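Taking the form solved without its partner chain, here's one chain by itself in structure tokens.
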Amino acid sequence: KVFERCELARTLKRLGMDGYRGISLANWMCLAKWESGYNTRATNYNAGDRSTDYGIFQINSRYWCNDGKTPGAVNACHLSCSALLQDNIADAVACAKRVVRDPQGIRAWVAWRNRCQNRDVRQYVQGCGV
């Protein structure tokens, strides 16, 4: 599914993302926006290293979820990458929380550095009731 902006904001808030390990909801919104356009079903193959990015946060198979087909990979979220292509984003949120328990936090995603870091991200949550 492709979430509408405010629907997603509220969905993430219910799932405990607001301020998780210091990360505001608007940061999570900015991440989802630029990773996937708020689209849960997106996959992107990285021909360079044979990994794939999955779902609304474009979580990578090398480190985070198992797809069977990524060489040398591990699965720190202990999920099938299939779990990250559901309309229901509970598993994707749990895995995003796992990512940001590591030292880099939200810097783990390069798109966040490029598109969100050091920016005014207030617009992502404007009017959403969050």
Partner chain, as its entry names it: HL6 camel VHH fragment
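For the two forms, the rigid core is made up of the largest set of C-alpha atoms that agree within 1.5 Å on superposition. Residue numbers count along the first chain shown, from 1.
Superposing on the core and measuring CA offsets in 4 other deposited structures of this protein, the stretch of 43 to 51 and 90 to 98 with the greater mean deviation is 43 to 51.
Legend: mean Cα B-factor per stretch from the PDB entry, 69 to 77 versus 26 to 34; the higher mean is in 69 to 77. Sorting the modelled residues of the chain by their CA temperature factor places residue 87 in the lowest third. Remark: residue 96 belongs to the lowest third of its chain, ranked by C-alpha B-factor as recorded. Remark: residue 12 belongs to the lowest third of its chain, ranked by C-alpha B-factor as recorded.
Ranked by Cα temperature factor within the chain, residue 60 sits in the middle third according to the deposited record. In the deposited entry, the Cα temperature factor of residue 130 places it in the highest third of its chain's modelled residues.
This next part talks about the form solved in complex with its partner chain, which is not shown.
Residues of 1 to 35 lying near its partner chain in the bound PDB entry, listed in sequence order, are 14, 15, 16, 20, the criterion being any heavy atom within 4.5 Å.
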